[PDB]
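Worksheet for the structure shown next.
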Amino acid sequence: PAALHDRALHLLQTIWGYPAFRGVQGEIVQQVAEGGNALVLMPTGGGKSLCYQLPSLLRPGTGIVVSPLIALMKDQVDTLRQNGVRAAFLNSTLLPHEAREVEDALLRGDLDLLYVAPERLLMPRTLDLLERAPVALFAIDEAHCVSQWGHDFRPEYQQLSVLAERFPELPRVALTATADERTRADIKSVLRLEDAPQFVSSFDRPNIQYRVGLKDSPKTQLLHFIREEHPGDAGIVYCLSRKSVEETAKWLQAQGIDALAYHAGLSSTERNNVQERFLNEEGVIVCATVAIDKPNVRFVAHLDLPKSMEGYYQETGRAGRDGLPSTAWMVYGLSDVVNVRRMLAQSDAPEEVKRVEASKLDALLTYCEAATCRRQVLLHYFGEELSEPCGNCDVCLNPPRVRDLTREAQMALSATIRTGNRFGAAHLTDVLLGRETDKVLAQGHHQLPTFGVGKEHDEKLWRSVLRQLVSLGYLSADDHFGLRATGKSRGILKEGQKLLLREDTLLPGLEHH
Ligand SMILES: Nc1ncnc2c1ncn2[C@@H]1O[C@H](COP(=O)(O)OP(=O)(O)O)[C@@H](O)[C@H]1O
Ligand SMILES: [Zn+2]
């Protein structure tokens, strides 16, 4: 009721000292407290931990928490108990007499929370014992580890699928900081969360302004940006190679801005040197690769595209941990993107991994190539949905020049619907062009009314119109990289909504060498 909500608040105040719920917490709490399942996505420091702790206390019985991290579980228990919350940890390095003092406290219903290493949890009899205990809920922390594409991975987290089969009646909560569009499908498979609500909260950072542009002579381009907009300011400037980092630094010092290289082949010495000369003093600039601390950074500059949307989110987020406005500045070139693809084409990685890695690359480029608000594109990749344009990005503020492909979009959307939402971008494009592949013949797709219906255009165009549909969320990729129309597809199909491309991409043509 509202009498549940009131109840939770009096807990929020009296225990964690927090005044009010951040982002979607209060929904999650009331969702789980009432018996519901949940997927929770929040960035690090976002406030996950009490998403499960608060329901544990509101429901009769004990919240059961699983995380791979033992040392942090020990600390999270301690702090909980000093704050007046009855918590315990159980793992197999406890003396057997301790493991029983805790096991019996569970069964008597004496614990608000019990933190359990997956090692112990997965053991039947830890399983069986739980069925005899007054359990309020399960919380699978670091929930992403269930996924091979998951940031981290463990055999043991795949096995937590047991929780849903052995305890279907009881609420299950998964929380992870880092999830792409599907590592998430795996979380949802494994833990049987596919019908549960999904919550994302803290990903946005409203005080950072995002800008992307192409590269012609980037050093001057950067130098000019610092210059006008951040002369006495601290900033990070990111490059792929160790080589670029040191040129960029030598060069920036040659123009007498105070700049320093930072990277793994700096002797220890110099690393700590650069570190506090950057932290202590204001208006100093670090040139880093992928590598730490700083409160007030004004600008992050990317002289290269990162290898993922994740990396880019991380590095730009180093700006502005003051609520005070900051800018993220990036310049890329298609030249580069082509190199990344061939360097990943010639690799020795498995074909399953190349498809996924090229996936991340497309998402990254398409993010660059946005004809619509950049903050929506960025946030969508992590599952956050921003209703309206931010007014804080380079697309919002200085709208680029766009071409209207809304009718082409409809052809693409309808092609994939009518083909049963399972087929991939290369394949679909074969359809709208009219190409009869020996793989197009296998599905009889050539006999459909949507075949060659897009013949007016070429491959490069459909592939990009495809990329955009995915990126804006009009398309979703199921497997194995095959594409679904979404609930959002209707916007383009009822219309009222358009699919734009940057006039920037298209250009008078043809390319030449
Ligand atoms: N509802 C809230 N309102 C204000 N501050 C919060 C709120 N929830 C969490 N925080 C803060 O930010 C931190 C979140 O980190 P924690 O919840 O401890 O683990 P995680 O990094 O997984 O979220 C908290 O410890 C607390 O300092
Ligand atoms: Zn915007």
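Chain identifiers are assigned as A, B, and so on, following the order in which chains appear in the structure tokens; residues are numbered from 1 within each chain, and ligands are numbered from 1 in order of appearance.
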Identify, on the basis of only C-alpha atoms, every residue whose closest approach to stretch 193-208 of chain A does not exceed 10 Å; exclude the query and any residue fewer than 6 positions from it along the same chain; express the result as a PyMOL selection string.
chain A and resi 22-25+27-28+31+36-48+164+172-175+177+184-187+298-300+313+316-328+375-376+378-379+382-386+390-393
With C-alpha atoms retained, could you export that selection as a compact mmCIF listing (two decimals), in the first residue's frame?
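Produced file out-v5.txt, reproduced below:
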# COMPACT_ATOMS: atom_id res chain seq x y z
CA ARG A 22 17.62 7.94 -5.58
CA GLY A 23 16.33 7.34 -9.08
CA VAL A 24 14.14 4.27 -9.27
CA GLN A 25 15.15 2.70 -5.91
CA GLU A 27 10.05 1.50 -7.05
CA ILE A 28 12.38 -1.49 -6.90
CA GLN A 31 8.40 -4.06 -6.24
CA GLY A 36 7.95 -9.23 -7.21
CA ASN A 37 11.00 -10.21 -9.25
CA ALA A 38 13.45 -7.54 -10.59
CA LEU A 39 16.33 -6.72 -12.91
CA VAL A 40 18.22 -3.71 -11.59
CA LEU A 41 20.76 -1.77 -13.63
CA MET A 42 22.64 0.99 -11.93
CA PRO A 43 26.11 2.38 -12.50
CA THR A 44 28.72 1.86 -9.77
CA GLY A 45 27.99 3.93 -6.66
CA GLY A 46 24.46 4.25 -8.04
CA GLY A 47 22.83 2.78 -4.89
CA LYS A 48 22.16 -0.89 -5.73
CA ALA A 164 14.59 -20.08 -9.89
CA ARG A 172 14.55 -12.92 -7.02
CA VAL A 173 16.56 -9.67 -7.52
CA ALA A 174 19.43 -9.27 -9.93
CA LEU A 175 21.66 -6.18 -9.82
CA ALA A 177 26.49 -2.18 -12.75
CA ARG A 184 21.35 -8.75 -20.04
CA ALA A 185 19.48 -11.38 -22.04
CA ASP A 186 21.74 -13.95 -20.34
CA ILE A 187 21.10 -12.61 -16.85
CA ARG A 298 36.50 20.02 -16.91
CA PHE A 299 37.12 18.27 -20.18
CA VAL A 300 37.80 14.82 -21.50
CA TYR A 313 31.10 5.90 -20.99
CA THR A 316 34.09 10.57 -20.26
CA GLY A 317 32.54 9.98 -16.87
CA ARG A 318 35.86 11.03 -15.32
CA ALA A 319 34.76 14.54 -16.16
CA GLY A 320 32.59 16.44 -13.71
CA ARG A 321 32.11 14.69 -10.39
CA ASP A 322 31.39 18.16 -9.22
CA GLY A 323 27.82 18.80 -10.27
CA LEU A 324 29.65 21.64 -12.03
CA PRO A 325 29.40 21.65 -15.88
CA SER A 326 32.07 19.87 -17.92
CA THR A 327 32.56 18.85 -21.54
CA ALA A 328 33.33 15.59 -23.31
CA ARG A 375 22.45 11.45 -24.80
CA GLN A 376 19.47 9.28 -25.78
CA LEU A 378 24.28 6.70 -25.35
CA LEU A 379 21.87 5.92 -22.53
CA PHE A 382 22.82 0.77 -21.14
CA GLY A 383 19.01 0.55 -21.06
CA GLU A 384 18.19 4.04 -19.90
CA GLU A 385 15.47 5.78 -21.81
CA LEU A 386 15.42 9.53 -22.02
CA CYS A 390 18.78 16.63 -23.50
CA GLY A 391 19.64 20.12 -24.73
CA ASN A 392 23.11 19.49 -23.40
CA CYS A 393 24.72 17.79 -26.46
Identify, on the basis of only C-alpha atoms, every residue whose closest approach to residue A:232 does not exceed 9 Å; exclude the query and any residue fewer than 5 positions from it along the same chain; express the result as JSON, numbers by chain.
{"A": [226, 227, 282, 283, 284]}
Within 12 Å of residue A:35, counting only C-alpha atoms, which residues qualify if same-chain residues fewer than 5 places away don't, as number ranges by chain?
A: 28-30, 52, 55-56, 58-60, 135-138, 168-173, 196
Alpha helix (DSSP H) residues, from DSSP on the backbone, in stretch 160-403 of chain A, as an MDAnalysis selection string
chainID A and resid 162:166 184:190 218:229 242:254 268:280 309:316 334:345 351:368 374:382 394:397
